[PDB]
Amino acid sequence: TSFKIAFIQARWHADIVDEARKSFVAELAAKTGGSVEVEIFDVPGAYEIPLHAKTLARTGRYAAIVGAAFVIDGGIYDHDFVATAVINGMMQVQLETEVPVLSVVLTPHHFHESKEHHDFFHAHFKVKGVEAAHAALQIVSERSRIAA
């Protein structure tokens, strides 16, 4: 099984999001040896992920795309508007291009800084990165059956 995966990661709070990418790339290598290679693409924020996924999806080069970002909802500013536009936009792109788009765009409830939490979120994203790899593998596999 040989295919490429585009992983789009937002850079706001890159220290957290990076945990997921590292985790994701690792597991993928463990589980496939290296016959599945992952190309990384940086993007300013979550809001730039959908158009980037659509562009990349359109190239025909990837079997799946992952968009990861940490969207901290809460503070003086309402941020859920963005999270909604982004998760919905990703759904829209995959329905339109027919390339699976997996989401590692996490939105905590109203977390609130400190080595207390910082370690919580770093742990959590490491986990979600592993899960993401398992899903990516599984959905690619499953689609190539379902269409044969």
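A residue's number is simply how far along the shown sequence it sits, counting from 1.
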Higher-scoring stretch by recorded Cα B factor average, 40-48 or 110-118 = 110-118
Higher of the two mean Cα B-factors (49-57, 78-86; per PDB record) comes from 78-86
Sort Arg21, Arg11, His124, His134 by C-alpha B-factor from the entry and give me just the highest.
-> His124
Assert third(CA B-factor, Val93) within chain per record equals lowest
Here the Cα B-factor of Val105, set against its chain, lands in the third termed middle
What third of its chain's C-alpha B-factors does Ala29 belong to: lowest, middle or highest?
-> highest
